[PDB]
Amino acid sequence: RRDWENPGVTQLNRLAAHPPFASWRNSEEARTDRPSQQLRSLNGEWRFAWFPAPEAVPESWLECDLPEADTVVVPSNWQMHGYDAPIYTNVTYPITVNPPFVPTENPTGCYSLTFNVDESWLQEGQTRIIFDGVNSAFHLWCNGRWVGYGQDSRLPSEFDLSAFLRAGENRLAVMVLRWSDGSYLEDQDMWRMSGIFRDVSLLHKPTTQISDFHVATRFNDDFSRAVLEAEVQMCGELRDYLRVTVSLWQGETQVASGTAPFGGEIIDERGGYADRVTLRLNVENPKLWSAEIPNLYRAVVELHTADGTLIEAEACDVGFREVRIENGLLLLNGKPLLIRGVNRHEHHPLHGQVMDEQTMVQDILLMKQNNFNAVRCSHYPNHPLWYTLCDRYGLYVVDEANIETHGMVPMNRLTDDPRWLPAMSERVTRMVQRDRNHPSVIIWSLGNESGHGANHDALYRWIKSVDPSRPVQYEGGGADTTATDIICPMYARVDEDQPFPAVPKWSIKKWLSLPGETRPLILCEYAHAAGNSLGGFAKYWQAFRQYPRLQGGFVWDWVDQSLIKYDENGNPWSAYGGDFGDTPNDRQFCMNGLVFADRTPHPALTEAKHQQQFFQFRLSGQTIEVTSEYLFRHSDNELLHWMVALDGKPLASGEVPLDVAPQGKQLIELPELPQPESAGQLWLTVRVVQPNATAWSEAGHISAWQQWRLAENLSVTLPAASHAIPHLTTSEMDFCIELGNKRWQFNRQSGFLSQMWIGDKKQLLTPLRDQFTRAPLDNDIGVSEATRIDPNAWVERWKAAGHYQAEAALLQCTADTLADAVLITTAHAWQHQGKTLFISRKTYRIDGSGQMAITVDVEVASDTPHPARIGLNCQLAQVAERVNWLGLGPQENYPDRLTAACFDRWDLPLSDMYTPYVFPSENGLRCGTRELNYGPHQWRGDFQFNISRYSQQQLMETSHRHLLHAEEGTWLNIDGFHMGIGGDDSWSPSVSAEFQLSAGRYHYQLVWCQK
Amino acid sequence: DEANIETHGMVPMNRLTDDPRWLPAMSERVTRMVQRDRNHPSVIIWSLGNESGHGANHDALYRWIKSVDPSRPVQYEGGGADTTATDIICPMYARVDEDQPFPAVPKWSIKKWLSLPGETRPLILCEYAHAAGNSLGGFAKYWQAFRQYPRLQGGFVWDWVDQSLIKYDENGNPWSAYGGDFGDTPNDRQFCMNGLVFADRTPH
Amino acid sequence: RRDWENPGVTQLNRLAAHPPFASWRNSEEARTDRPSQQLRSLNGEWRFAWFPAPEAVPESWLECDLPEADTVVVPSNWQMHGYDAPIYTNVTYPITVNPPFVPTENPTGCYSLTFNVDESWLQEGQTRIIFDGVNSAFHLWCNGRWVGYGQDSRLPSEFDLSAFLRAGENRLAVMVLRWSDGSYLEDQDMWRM
Ligand SMILES: CC(C)S[C@@H]1O[C@H](CO)[C@H](O)[C@H](O)[C@H]1O
Ligand SMILES: CC(C)S[C@@H]1O[C@H](CO)[C@H](O)[C@H](O)[C@H]1O
Ligand SMILES: [Mg+2]
Ligand SMILES: [Mg+2]
Ligand SMILES: [Mg+2]
Ligand SMILES: [Mg+2]
Ligand SMILES: [Mg+2]
Ligand SMILES: [Mg+2]
Ligand code: NA
Ligand code: NA
Ligand code: NA
Ligand code: NA
Ligand code: NA
Ligand code: NA
Ligand code: NA
């Protein structure tokens, strides 16, 4: 029948979808959510054999174990066990686009399990098996007899095994196909894997059973009263003595209860549902659920007899909350939300796409600790535990259908085809039937990148009809089609329009006011965090806060989808597209997270945490105004600490308890701040601390911070003229300046400071030269490739302009003797085949104090692409352990991503000045620096810098971080100016104009001296 | 033009039409009809089917049509004749002046139906004036209302021709038969004859 | 697979629906709506045999004509030919309401036709067969090979016979089931045929 090549068949004998069941036979266990003996896990060791195609699977396998088989852990993805390679492709399908057909060479995973089943399970009731996740299609056999078939890799497939099992030993046989017609709807941008990757279990239910139940909560105007409505459905024989009791609990207190026999209200001319009943419970002053305060109640559904005998019980956590769009605003419990979200794929560097509780909790804790209050299930229903954790820890969730046909041409070819409506509908309807009772889920999504088809309109209406308590969104086809309640563009910029034909991405501010538009706008994807990115992140938040209808978005994305491989010595390294022989592939485009695969934070995470702060501050004189962006909670676990320092030197500090009502303000009057004597800039730094531990954070957690420049005292005092006078020694090839124990050497042929001495020690390994390039970041590269160059990408423009090949041509080099110093004057011309790109004019003034003042003035040809940087660089012979600087830190920060960084005195080990991005590039920069210290050296001024053991050349020529080798000495890059990193997206130029080095003429000055 | 979908005998009537498991089968009865007949000028209205209550599958397919063919209104009588799945209030056998307040699915006087709080759609009966045998009494009352009220734009009489079948007796003479005359049981006897004309098209 | 008891399977290898086609190879013919040499009718005398259930149909019927079969006119309803009784019920289904199942005693109509096909039709292009209406479900075979399946009694089911036909004589075998899961969606108040 080749059911895996027929979108008409998505399953055979599969049971109806429903909310999480456990079939408790004890009500107390149901109330407290304790384990159930009726729900058994089949996870553990299974037998597995790999085949090139289903036609190659031997028939004997159905009856007994294949001696060729291996014993492997389940759940798992077989690529992670080395049976075949995982494939990383973004848009292009991993198989030939010829729907509904798949390759004849279809990797087949043969799973089998021999397990015991107690007679008591077969004597009565129904025994079903549950496969929470099988990628991508499979046939099931039990004791040699065919049971069924199932598709959709991200939702559970359940089959009744009651007539197939026998007391004692039993054997299951599962033939999993990597490719199926379902694969045409699973083209998400992630590693393409397969296998039984989610839990497998057996559920026992009585013949007369609770087959489904829906919980809804409505409120009065001020949410002081609510009515909980629970519709319960049963299967089995109807008897007049049957009853259903729904009880609601707050802790160990029962706040409400309702009981009734089956038989719903009349719905039409034929009557009503005799196998259903709806209980309605009134709840006065319910504690409301929100990501701010995840208040939860427990609802227990009991099927029983009138005399009180329990048959079975089910239950769920209930969060009292109302979600609705009113007057163009997405409201929660009547308040306008501000979505601080992120897209999160289910990924593990070691286990692939298998999810575990520990990794989930770690992600949720890191998310809340970094001020995120929402997550988008990009782009498929998640492992069931995920919603339970979100309900309890408090996170707004966008549950998304497992539907993406990105690789089709046009994108909606299948979604606008009625022959694919059936397949698509099951991916939407079964998701809703499974997760509709979770309060964390506040918005339904029809899928991702599948254009806009009539099938979307139909499924949009289906959801609105069955679940009016949640808005429905979908980005495909222009982000504002008739299939979405929310304008949800991906990568729409703040101010810049991107007028693409048919599917334009308007500036978000402009999008809201288009003629006739009234919906709220929330980006389903924005701020693509590939590598050194998130430039311009603050521009989004300034806009979100100023415009009521701009209610936020979900960053793309949470974690790098890198995988682990080992070298010959067993040392692990991070691998990306193409490292497994997978081809074609999309290389590093699988890594766009705010954190590395092992959850180590990327510098960008801190910029997100700061911009997403819940308290806003303003300063006027001695008054600090604290404004709360919380909607429901008072600041009952917040303390404001303030500090005033002069160039990093603390003068005064204190703390004040925060007592701000949600949306409210608090004025804090700072005490008389004593004026400092010494010259310098005074800085005020405030931070909000949470004294007490929470379910998601430890005592002392910092949730917000901000700085302001206070008074500044310009230094006018003249340095006590040192008696010493430097001396110049001139030769044909050099200008040497001696001063006591120090010496400076300027090659007269190159025009650069080629060497320095402190005693008999050389300080340089490479001459101090101008630098106008940087090892390209992911954003500089875009989608450009050697086989497919993107002439528009920054890196390609720089390459074509000769920026990386530019040769320095000495125009002038003179030496003058002053009354108390030596003055070196140089001028260089950087040209590329007749074209002068840059001109550098410098002066070096060495006085008796041993200080070397360098003045640099650069001209950049207006017709050459704006350079990545304007600075100097050299390889220092020294290799010290610490790096001390007075500037923005402590973390890596760039011009368009430095709002989170604070000005102060920072000191870190040299290794922390390097950011280990899997794909190497310019990194570790620190801006707004007035003083830098390393070994015996000190540089002062107003510059940006990065310092490490890797040269820009090596970073540029190395594809993977683990392949980097520390060079001799230390490479120092000091920039007067550095281009922004961009990030609005990573496939087109995204560095905003105000962060491009287009001034034409630049000036910066540095003072180099030995401590 | 109406989709071949009627589940009248289910209890309740929408048991299948509100079940997502049946959405696939239903959608094909609707979509393939539209793909076949959309170029015919005579077809001015699409119908989702008949007597199958009102289920979520109806809302889905209603929207599908509006999306693929905005040139024709979409109607459906199930679930009360004025649900979210119909552009036209299309009751069957709603009377002119007399209300019939059935629970959940009332049949209001058509004059009254039009002005219920918030209602603005036109009203056209998908079925009215049941012509079983000696019938059509009160037919003129309907037309008087149709002509007086702009939004009462008519209706479709039920129905055109008697569904009687021919059988033969001893003398080989043919005679008109109805339910039960073929041993078919259970049956609904003469209820298959409600036309304005006899099976051979002779007028009643 | 008992495809007639699965609302998940409404057809097998059926071609997409579309507006009326005639495939004129002459524009003036298309303009004037005159008969097309590319659209042939297979209406007329066919071979028919009645069986109480699909399990009672002999396999030999796929390869050659059943001598016990009768020659009947098609299109037609077999109740009108007297093979079994037409049923008149209004609301109540004519079969036990147990979706998606139908009675095991499922009247099965076995239709067959020996017809000729011009070689020019097989030397190029695509030759399809169109059943404008089959009540209520059916399987199709051509020259003994299974072609497809289809449901919905009131719309045309089309199948590509290009790879099943030979120049000259060919034999179609059509097994029509009276009841199917499609029957749960066809409870209109009218005679059940
Ligand atoms: C490569 C672009 C043309 S499509 C772009 O690629 C990104 C890679 O992280 C993401 O998958 C986005 O969702 C997708 O739209
Ligand atoms: C028998 C009624 C309660 S239902 C009534 O029966 C009529 C018989 O001609 C028609 O079929 C109507 O459409 C139907 O609603
Ligand atoms: Mg399939
Ligand atoms: Mg995509
Ligand atoms: Mg646990
Ligand atoms: Mg700031
Ligand atoms: Mg079927
Ligand atoms: Mg009816
Ligand atoms: Na809403
Ligand atoms: Na806003
Ligand atoms: Na990606
Ligand atoms: Na507090
Ligand atoms: Na690199
Ligand atoms: Na009128
Ligand atoms: Na009738």
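Residue numbering restarts at 1 for every chain, and letters A, B, ... go by the order of the sequence lines. Just so you know, these numbers use all the heavy atoms, side chains as well, and skip hydrogens, waters and symmetry mates.
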Exercise. Any chance the rings of C:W179 and C:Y184 have centres within less than 6.0 Å?
Worked result: no

For this session: State plainly whether the residues A:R270 and B:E51 are in salt-bridge range, i.e. N to O under 4.0 Å.
Result: no

For this session: Using modelled atom types only, decide if a donor and an acceptor are shared between the side chain of B:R38 and the backbone of B:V34 within a distance under 3.5 Å.
Result: no

Problem set entry | Whether over 12 other heavy atoms sit under 6.0 Å from B:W175 CH2 | yes

Exercise. Is it the case that more than 12 heavy atoms not belonging to C:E55 sit under 6.0 Å from its CD atom?
Worked result: yes

Exercise. Would you say B:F156 has more than 12 foreign heavy atoms packed within less than 6.0 Å of its CZ?
Worked result: no

Problem set entry | Atom CD1 of B:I166: over 12 foreign heavy atoms under 6.0 Å | no

Using atom types as modelled, flag every donor-acceptor pair under 3.5 Å from a side chain in residues 140-149 of chain B to any protein atom, sequence neighbours excluded.
| unit_1 | atom_1 | unit_2 | atom_2 | d |
| --- | --- | --- | --- | --- |
| B:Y142 | OH | B:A94 | O | 2.6 |
| B:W143 | NE1 | B:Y128 | OH | 3.0 |

Exercise. Are any non-hydrogen side-chain atoms of B:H58 and B:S52 less than 4.5 angstrom apart?
Worked result: yes

For this session: Output, in order, the C-alpha distance, side-chain angles, deciding distance and verdict of salt bridge (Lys or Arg N to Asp or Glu O under 4.0 Å) for C:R192 and C:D187.
Result: CA-CA 9 Å; C:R192 312 310 171 106; C:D187 189 45; 3.0 Å; yes

Exercise. Are the ring centres of C:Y83 and C:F48 closer than 6.0 Å?
Worked result: yes

Exercise. For atom CD of C:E169, is the number of surrounding heavy atoms from other residues, nucleotides or ligands below 6.0 Å larger than 12?
Worked result: no

Exercise. Is the shortest heavy-atom distance from the side chain of C:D65 to the side chain of C:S112 under 4.5 Å?
Worked result: yes

For this session: For atom CG of B:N173, decide whether the heavy atoms of other residues, nucleotides or ligands shown that lie under 6.0 angstrom number more than 12.
Result: yes

For this session: Identify, with sequence neighbours excluded, every residue that meets salt bridge (charged side-chain N to carboxylate O under 4.0 Å, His left out) alongside B:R201.
Result: none

Exercise. Could you give the distance from CG (C:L155) to CG (B:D37), rounded to the nearest 0.5 Å?
Worked result: 7.5 Å

Exercise. Is there side-chain contact between B:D1 and B:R72, with at least one heavy-atom pair below 4.5 Å?
Worked result: no

Exercise. Taking 4.0 angstrom as the limit, do B:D97 and B:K111 come out as a salt bridge?
Worked result: yes

Problem set entry | salt bridge (charged side-chain N to carboxylate O under 4.0 Å, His left out) partners of B:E77, counting only residues at least two apart | none

Exercise. Passes ring-ring contact (aromatic ring centres under 6.0 Å, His included), B:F182 versus C:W191? Steps please.
Worked result: CA-CA 11 Å; B:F182 294 84; C:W191 286 97; 5.3 Å; yes

For this session: Check the angle between the aromatic planes of B:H204 and B:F198 and answer parallel, tilted or perpendicular using the 30° and 60° thresholds.
Result: perpendicular

Problem set entry | Audit row: C:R14, B:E28, salt bridge (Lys or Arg N to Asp or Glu O under 4.0 Å) steps and yes/no | CA-CA 12 Å; C:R14 185 161 65 185; B:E28 271 184 45; 3.1 Å; yes

For this session: With sequence neighbours excluded, tell me which residues meet side chain to side chain contact (heavy atoms under 4.5 Å, CB included) with C:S120.
Result: C:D118, C:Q123

Problem set entry | Option passing side-chain hydrogen bond (donor to acceptor under 3.5 Å, both in side chains) with C:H139 (candidates C:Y149, C:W146, C:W4) | C:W146

Exercise. By salt bridge (charged side-chain N to carboxylate O under 4.0 Å, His left out), which residues pair with B:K112, not counting sequence neighbours?
Worked result: B:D99

Problem set entry | Residue B:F191 excluded, over 12 heavy atoms near CZ under 6.0 Å | no

Exercise. In terms of heavy-atom contacts, does CZ of C:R154 have more than 12 from other residues, nucleotides or ligands at under 6.0 Å?
Worked result: no

For this session: Start with the C-alpha distance between C:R128 and C:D160, add both sets of side-chain angles, then the distance that settles salt bridge (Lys or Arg N to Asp or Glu O under 4.0 Å), and finish with yes or no.
Result: CA-CA 4 Å; C:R128 76 178 63 188; C:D160 195 332; over 6 Å; no

Problem set entry | salt bridge (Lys or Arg N to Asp or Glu O under 4.0 Å) assessment of B:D87 paired with B:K66 | CA-CA 10 Å; B:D87 292 323; B:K66 303 291 289 183; 2.7 Å; yes

Problem set entry | B:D181/B:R189 salt bridge by N-O under 4.0 Å criterion | no

Problem set entry | C:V147: side chain to side chain contact (heavy atoms under 4.5 Å, CB included) partners, not counting sequence neighbours | C:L140, C:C142, C:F159, C:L161, C:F164

Exercise. With side chains defined as the heavy atoms from C-beta onward, is the minimum distance between B:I5 and B:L48 less than 4.5 Å?
Worked result: no

